[PDB]
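J.: For reference, this is model-v5.txt, and it has compact mmCIF, C-alpha atoms and all ligand atoms.
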# COMPACT_ATOMS: atom_id res chain seq x y z
CA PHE A 111 -45.71 141.24 279.30
CA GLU A 112 -45.78 144.93 280.35
CA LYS A 113 -44.24 147.27 282.94
CA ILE A 114 -46.57 148.71 285.68
CA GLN A 115 -46.51 151.44 288.40
CA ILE A 116 -46.89 149.78 291.83
CA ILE A 117 -45.68 152.68 293.98
CA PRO A 118 -44.22 155.83 292.38
CA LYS A 119 -41.08 157.74 293.35
CA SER A 120 -43.37 160.65 294.35
CA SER A 121 -45.24 158.75 297.09
CA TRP A 122 -42.20 158.57 299.44
CA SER A 123 -42.80 161.85 301.34
CA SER A 124 -41.43 160.79 304.75
CA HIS A 125 -38.21 159.40 303.11
CA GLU A 126 -35.77 160.96 300.58
CA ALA A 127 -35.94 159.10 297.24
CA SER A 128 -34.38 161.83 295.07
CA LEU A 129 -30.61 161.76 295.85
CA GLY A 130 -30.39 157.98 296.18
CA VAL A 131 -27.46 157.12 293.89
CA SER A 132 -23.68 156.69 293.98
CA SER A 133 -20.51 156.98 291.89
CA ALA A 134 -21.04 153.81 289.86
CA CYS A 135 -23.97 153.89 287.37
CA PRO A 136 -23.58 156.74 284.80
CA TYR A 137 -26.73 157.70 282.84
CA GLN A 138 -25.61 160.80 280.84
CA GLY A 139 -22.26 161.26 282.62
CA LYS A 140 -23.87 162.29 285.93
CA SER A 141 -24.20 159.76 288.80
CA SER A 142 -27.39 157.67 288.55
CA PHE A 143 -28.84 154.34 289.83
CA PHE A 144 -31.20 151.49 288.75
CA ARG A 145 -34.18 153.17 287.08
CA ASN A 146 -36.72 150.45 288.18
CA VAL A 147 -35.96 150.29 291.93
CA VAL A 148 -35.66 153.26 294.36
CA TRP A 149 -32.88 153.63 296.97
CA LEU A 150 -34.20 155.05 300.26
CA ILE A 151 -32.36 157.64 302.45
CA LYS A 152 -33.21 159.39 305.79
CA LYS A 153 -34.97 162.79 305.81
CA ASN A 154 -33.60 165.76 307.82
CA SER A 155 -31.85 163.31 310.23
CA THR A 156 -34.50 160.66 311.18
CA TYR A 157 -35.56 157.42 309.44
CA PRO A 158 -39.25 156.48 309.94
CA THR A 159 -40.26 152.80 309.88
CA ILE A 160 -41.90 152.02 306.50
CA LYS A 161 -45.08 149.96 306.40
CA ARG A 162 -46.86 149.85 303.04
CA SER A 163 -48.42 147.17 300.80
CA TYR A 164 -49.96 146.36 297.37
CA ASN A 165 -53.17 144.42 296.62
CA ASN A 166 -53.26 143.14 293.07
CA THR A 167 -56.24 144.87 291.42
CA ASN A 168 -54.86 143.55 288.08
CA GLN A 169 -56.17 140.15 286.90
CA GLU A 170 -53.02 139.05 285.05
CA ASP A 171 -50.33 137.54 287.29
CA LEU A 172 -47.26 139.71 288.23
CA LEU A 173 -43.81 139.57 289.82
CA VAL A 174 -42.09 142.04 292.11
CA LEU A 175 -38.40 142.61 292.61
CA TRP A 176 -36.67 144.17 295.60
CA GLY A 177 -33.40 143.99 297.53
CA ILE A 178 -31.05 145.06 300.32
CA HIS A 179 -28.12 147.51 300.52
CA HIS A 180 -25.26 145.90 302.46
CA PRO A 181 -22.96 148.57 303.95
CA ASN A 182 -19.18 148.49 304.26
CA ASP A 183 -19.02 149.45 308.03
CA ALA A 184 -21.00 150.68 311.09
CA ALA A 185 -19.92 154.27 310.24
CA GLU A 186 -21.75 154.14 306.87
CA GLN A 187 -24.79 152.70 308.72
CA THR A 188 -25.32 155.96 310.62
CA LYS A 189 -24.44 158.15 307.51
CA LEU A 190 -27.19 156.93 305.17
CA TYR A 191 -29.66 155.76 307.81
CA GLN A 192 -30.20 156.53 311.47
CA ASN A 193 -30.40 152.98 312.77
CA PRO A 194 -27.87 150.45 314.11
CA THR A 195 -29.91 147.20 313.78
CA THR A 196 -32.26 146.88 310.79
CA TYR A 197 -34.93 144.44 309.53
CA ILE A 198 -36.65 144.07 306.11
CA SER A 199 -39.64 141.75 306.03
CA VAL A 200 -41.81 140.78 303.08
CA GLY A 201 -45.10 138.89 303.25
CA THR A 202 -47.43 137.27 300.70
CA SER A 203 -49.81 134.25 300.70
CA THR A 204 -46.70 132.08 300.13
CA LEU A 205 -43.61 134.08 301.00
CA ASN A 206 -42.33 134.66 304.50
CA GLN A 207 -38.90 136.28 304.93
CA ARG A 208 -36.96 138.40 307.43
CA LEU A 209 -33.70 139.75 306.03
CA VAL A 210 -30.86 141.27 308.08
CA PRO A 211 -28.11 143.24 306.30
CA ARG A 212 -24.58 141.82 306.69
CA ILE A 213 -21.80 144.23 307.60
CA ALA A 214 -18.25 143.06 306.65
CA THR A 215 -14.99 144.29 305.07
CA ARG A 216 -15.25 143.82 301.28
CA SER A 217 -13.11 144.57 298.25
CA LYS A 218 -13.92 147.49 295.94
CA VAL A 219 -15.68 146.78 292.62
CA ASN A 220 -16.82 149.39 290.05
CA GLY A 221 -16.15 151.96 292.81
CA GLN A 222 -18.40 150.96 295.68
CA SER A 223 -17.35 148.37 298.33
CA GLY A 224 -20.64 147.16 299.78
CA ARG A 225 -23.03 144.82 297.90
CA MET A 226 -26.66 144.80 296.69
CA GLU A 227 -28.64 141.50 297.10
CA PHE A 228 -31.87 141.34 295.06
CA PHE A 229 -34.83 139.03 295.56
CA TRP A 230 -38.16 138.18 293.86
CA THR A 231 -41.43 136.22 293.87
CA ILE A 232 -44.61 136.08 291.79
CA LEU A 233 -47.78 137.57 293.30
CA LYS A 234 -51.09 135.80 292.59
CA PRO A 235 -53.78 137.67 290.60
CA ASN A 236 -55.96 138.26 293.69
CA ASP A 237 -53.45 138.71 296.55
CA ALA A 238 -51.48 141.35 298.52
CA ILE A 239 -47.75 141.78 299.08
CA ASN A 240 -46.94 143.49 302.43
CA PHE A 241 -43.61 145.19 303.21
CA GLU A 242 -42.05 146.43 306.47
CA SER A 243 -38.60 148.05 306.80
CA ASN A 244 -36.50 149.80 309.45
CA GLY A 245 -33.89 150.76 306.81
CA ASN A 246 -31.14 149.35 304.53
CA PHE A 247 -33.83 148.80 301.88
CA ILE A 248 -34.45 149.27 298.14
CA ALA A 249 -38.13 149.21 297.19
CA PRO A 250 -39.71 148.56 293.77
CA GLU A 251 -40.96 151.42 291.60
CA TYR A 252 -42.04 149.33 288.61
CA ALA A 253 -43.02 145.66 288.33
CA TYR A 254 -43.96 143.34 285.46
CA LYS A 255 -47.17 141.63 284.31
CA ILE A 256 -46.42 137.97 283.47
CA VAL A 257 -48.59 135.41 281.71
CA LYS A 258 -46.44 132.30 281.56
CA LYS A 259 -47.25 129.25 279.43
CA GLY A 260 -44.44 126.92 278.45
CA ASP A 261 -40.68 127.15 278.93
CA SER A 262 -37.55 127.47 276.78
CA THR A 263 -34.10 128.84 277.63
CA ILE A 264 -31.36 131.41 277.21
CA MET A 265 -29.51 130.71 273.99
CA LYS A 266 -25.94 131.94 273.97
CA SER A 267 -25.14 133.54 270.59
CA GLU A 268 -23.29 136.54 269.25
CA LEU A 269 -25.63 137.07 266.27
CA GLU A 270 -28.39 139.64 265.64
CA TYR A 271 -31.96 139.28 264.24
CA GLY A 272 -32.44 138.08 260.62
CA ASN A 273 -36.13 139.05 260.01
CA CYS A 274 -37.22 135.53 259.08
CA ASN A 275 -39.04 132.49 260.64
CA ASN B 166 -33.93 106.08 320.97
CA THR B 167 -34.51 102.91 323.00
CA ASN B 168 -36.13 101.43 319.84
CA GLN B 169 -33.86 99.50 317.45
CA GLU B 170 -35.77 100.32 314.25
CA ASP B 171 -34.91 103.69 312.70
CA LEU B 172 -37.36 106.64 313.27
CA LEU B 173 -38.10 110.22 312.20
CA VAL B 174 -39.36 113.16 314.23
CA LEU B 175 -41.31 116.16 313.07
CA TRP B 176 -41.57 119.60 314.69
CA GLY B 177 -42.02 123.27 313.79
CA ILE B 178 -42.39 126.97 314.62
CA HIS B 179 -45.37 129.34 315.06
CA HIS B 180 -44.67 132.63 313.28
CA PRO B 181 -46.78 135.46 314.75
CA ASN B 182 -48.45 138.32 312.89
CA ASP B 183 -47.06 141.18 315.15
CA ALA B 184 -45.18 142.03 318.39
CA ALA B 185 -48.59 142.44 320.15
CA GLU B 186 -49.47 138.76 319.52
CA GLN B 187 -45.96 137.82 320.79
CA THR B 188 -46.82 139.01 324.31
CA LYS B 189 -50.44 137.58 324.13
CA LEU B 190 -49.57 133.90 323.60
CA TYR B 191 -46.09 133.96 325.14
CA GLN B 192 -44.28 136.20 327.58
CA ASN B 193 -41.09 136.73 325.62
CA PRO B 194 -39.91 139.31 323.06
CA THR B 195 -36.91 137.43 321.54
CA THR B 196 -37.19 133.65 321.19
CA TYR B 197 -34.94 130.72 320.19
CA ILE B 198 -35.73 127.08 319.26
CA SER B 199 -32.73 124.79 318.99
CA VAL B 200 -32.59 121.13 318.01
CA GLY B 201 -29.60 118.82 318.28
CA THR B 202 -28.82 115.30 317.02
CA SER B 203 -25.62 113.47 315.91
CA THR B 204 -25.95 115.23 312.52
CA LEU B 205 -28.41 118.08 312.86
CA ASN B 206 -27.51 121.47 314.28
CA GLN B 207 -30.07 124.28 314.06
CA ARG B 208 -31.06 127.51 315.79
CA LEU B 209 -34.37 128.89 314.54
CA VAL B 210 -35.69 132.42 315.17
CA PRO B 211 -39.35 133.24 314.44
CA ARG B 212 -39.94 135.87 311.73
CA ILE B 213 -42.44 138.63 312.47
CA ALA B 214 -43.99 140.35 309.38
CA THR B 215 -47.34 141.58 307.99
CA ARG B 216 -48.98 138.66 306.11
CA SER B 217 -52.22 138.04 304.26
CA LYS B 218 -55.02 135.98 305.84
CA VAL B 219 -55.49 132.33 304.79
CA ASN B 220 -58.10 129.90 306.22
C1 LIG A 301 -57.66 142.38 297.02
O1 LIG A 301 -58.33 143.50 296.62
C2 LIG A 301 -59.80 143.42 296.48
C3 LIG A 301 -60.26 144.83 296.89
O2 LIG A 301 -61.63 145.08 296.55
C4 LIG A 301 -60.63 142.30 297.22
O3 LIG A 301 -61.73 141.70 296.39
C5 LIG A 301 -63.16 141.44 296.84
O4 LIG A 301 -63.33 141.66 298.26
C6 LIG A 301 -64.64 141.24 298.75
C7 LIG A 301 -65.07 141.95 300.06
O5 LIG A 301 -64.42 141.46 301.23
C8 LIG A 301 -64.67 139.70 298.79
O6 LIG A 301 -66.03 139.22 298.75
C9 LIG A 301 -63.84 139.10 297.62
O7 LIG A 301 -62.50 138.73 298.03
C10 LIG A 301 -63.74 140.06 296.41
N1 LIG A 301 -65.16 140.10 295.92
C11 LIG A 301 -65.77 140.90 295.02
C12 LIG A 301 -67.23 140.65 294.77
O8 LIG A 301 -65.19 141.80 294.42
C13 LIG A 301 -59.72 141.16 297.70
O9 LIG A 301 -60.33 140.35 298.72
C14 LIG A 301 -58.40 141.75 298.20
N2 LIG A 301 -57.72 140.56 298.69
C15 LIG A 301 -56.56 140.51 299.32
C16 LIG A 301 -56.14 139.13 299.73
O10 LIG A 301 -55.89 141.50 299.55
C1 LIG A 302 -35.47 168.84 311.48
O1 LIG A 302 -35.37 170.21 311.06
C2 LIG A 302 -36.59 170.97 310.98
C3 LIG A 302 -36.25 172.42 310.61
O2 LIG A 302 -36.94 172.84 309.42
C4 LIG A 302 -37.39 170.88 312.29
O3 LIG A 302 -38.72 171.47 312.12
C5 LIG A 302 -39.14 172.50 313.07
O4 LIG A 302 -38.97 172.15 314.46
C6 LIG A 302 -38.85 173.32 315.29
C7 LIG A 302 -39.00 172.94 316.77
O5 LIG A 302 -40.36 172.59 317.08
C8 LIG A 302 -39.86 174.42 314.91
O6 LIG A 302 -39.19 175.45 314.18
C9 LIG A 302 -41.03 173.86 314.09
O7 LIG A 302 -41.81 173.01 314.95
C10 LIG A 302 -40.54 173.07 312.87
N1 LIG A 302 -40.36 174.00 311.75
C11 LIG A 302 -41.05 173.97 310.61
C12 LIG A 302 -40.68 175.02 309.61
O8 LIG A 302 -41.94 173.16 310.38
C13 LIG A 302 -37.62 169.43 312.72
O9 LIG A 302 -38.23 169.44 314.01
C14 LIG A 302 -36.35 168.59 312.73
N2 LIG A 302 -36.83 167.19 312.74
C15 LIG A 302 -36.93 166.41 313.83
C16 LIG A 302 -37.46 165.01 313.64
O10 LIG A 302 -36.62 166.77 314.96
I need this file expressed as structure tokens, please.
Ligand SMILES: *[C@@H]1O[C@H](CO)[C@@H](O[C@@H]2O[C@H](CO)[C@@H](O)[C@H](O)[C@H]2NC(C)=O)[C@H](O)[C@H]1NC(C)=O
Ligand SMILES: *[C@H]1O[C@H](CO)[C@@H](O[C@@H]2O[C@H](CO)[C@@H](O)[C@H](O)[C@H]2NC(C)=O)[C@H](O)[C@H]1NC(C)=O

T.:
Amino acid sequence: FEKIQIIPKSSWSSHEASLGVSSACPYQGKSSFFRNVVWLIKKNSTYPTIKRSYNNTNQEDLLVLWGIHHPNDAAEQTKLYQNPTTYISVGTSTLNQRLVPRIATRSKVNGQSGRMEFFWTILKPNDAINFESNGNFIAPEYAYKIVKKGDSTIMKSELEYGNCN
Amino acid sequence: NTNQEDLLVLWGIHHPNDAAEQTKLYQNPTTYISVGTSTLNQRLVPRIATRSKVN
């Protein structure tokens, strides 16, 4: 198990990855966001269609995580992005999805009203994941190398480690 | 079902690689496939997305 750079924060030149946070996740007081997935915003006032991908040069197996930002209303659609209708599609040897963001009146939680649906699959050692997005999207920065053998579970306990065996 | 024994049917959907192959095979941009039975009730839209090649 180890963390890996798939596509850095730097590589998004056509889209604004810097100020992609909100009043919800405080790092050192100041407003932050999930440090392993980047939230994409329009540049100047136009949102280019993204179309990038990742072949797995690594020989260990890995998994990717991504998601969708669901807005509160059609007014917040045109504030963050410059699109009315949006599509996010992901493609791998196995996977085949086409996700549309849902717009609906919510209730407020931890500040922000709209939701954030995440997704995942495991990418084979010698295969490519392909993305395509019009907007309303949160792309991976980091992803994990997994070598799985055998299963267990999530034990629910209050205790802490006792340096034994 | 004129037959008196019970039966099952199979069908599916072709998902294209891009909007260019949409207009090559078929002459439609948006497409719908709907199936209806006493129980079943579905409306299937083909997903377009960049894939990897297999076979
Ligand atoms: C994933 O990345 C690598 C990029 O090099 C590909 O690996 C080789 O590609 C060659 C040339 O077409 C093929 O003979 C084999 O698939 C690999 N062979 C050797 C000798 O290295 C790989 O095909 C890419 N695959 C996908 C699905 O993206
Ligand atoms: C967004 O704003 C920028 C301003 O910096 C626009 O860029 C300029 O466009 C005008 C009209 O052609 C000219 O001053 C130059 O061609 C560009 N200026 C520079 C400094 O490069 C930009 O056109 C606007 N974006 C869009 C998509 O229209």

J.: Please return as JSON, numbers by chain the residues found within 10 Å of ligand LIG 301 (chain A), counting all atoms listed in the file.

T.: {"A": [163, 164, 165, 166, 167, 168, 202, 203, 234, 235, 236, 237, 238, 239, 240], "B": [216, 217, 218, 219]}

J.: Neighbours of ligand LIG 302 (chain A) within 8 Å, counting all atoms listed in the file, as a PyMOL selection string?

T.: chain A and resi 154-156

J.: Name all residues at most 12 Å from residue A:158 (count only C-alpha atoms; drop same-chain ones fewer than 5 positions away) and give them as a list in words.

T.: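 Contacts, with the query itself left out: residues 122, 123, 124, 125, 126, 150, 151, 152, 153, 191, 192, 193, 196, 242, 243, 244 and 245 of chain A.
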
J.: I'd like the neighbourhood of stretch 199-212 of chain B as a ChimeraX atom specification, where a residue qualifies if any of its atoms comes within 9 Å (using only C-alpha atoms), though same-chain residues fewer than 4 positions away should be ignored.

T.: /A:199,206-208 /B:178-182,195

J.: Do a neighbour search on residue A:230 at 10 Å with all atoms listed in the file, toss out local chain neighbours closer than 3 positions, and write the hits as a PyMOL selection string.

T.: chain A and resi 173-177+205+233

J.: In Å, with one decimal, what is the gap from atom CA of residue B:215 to atom CA of residue A:190?

T.: 25.5 Å

J.: B:190, B:214, B:198, B:175: which is nearest chain A, counting all atoms listed in the file?

T.: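 Comparing B:190, B:214, B:198, B:175 against chain A, the winner is B:214.
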
J.: As an exercise, work out the distance from atom CA of residue A:249 to atom CA of residue A:149 in Å and give it to one decimal place.

T.: 6.9 Å

J.: Record the distance separating atom CA of residue A:216 and atom CA of residue A:179, expressed in Å with one decimal.

T.: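 Separating atom CA of residue A:216 from atom CA of residue A:179 is a distance of 13.4 Å.
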
J.: Neighbours of residue A:118 within 7 Å (only C-alpha atoms; same-chain residues fewer than 3 positions away dropped), as a list in words?

T.: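 Counting only C-alpha atoms, the residues come to residues 115, 121 and 251 of chain A.
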
J.: Just need the box for stretch 186-190 of chain B, edges along x, y and z, holding every atom the file lists for it with 6 Å tacked onto each side, so centre and edge lengths in Å to one decimal, as JSON.

T.:
{"center_x": -48.2, "center_y": 136.5, "center_z": 321.9, "size_x": 16.5, "size_y": 17.1, "size_z": 16.8}
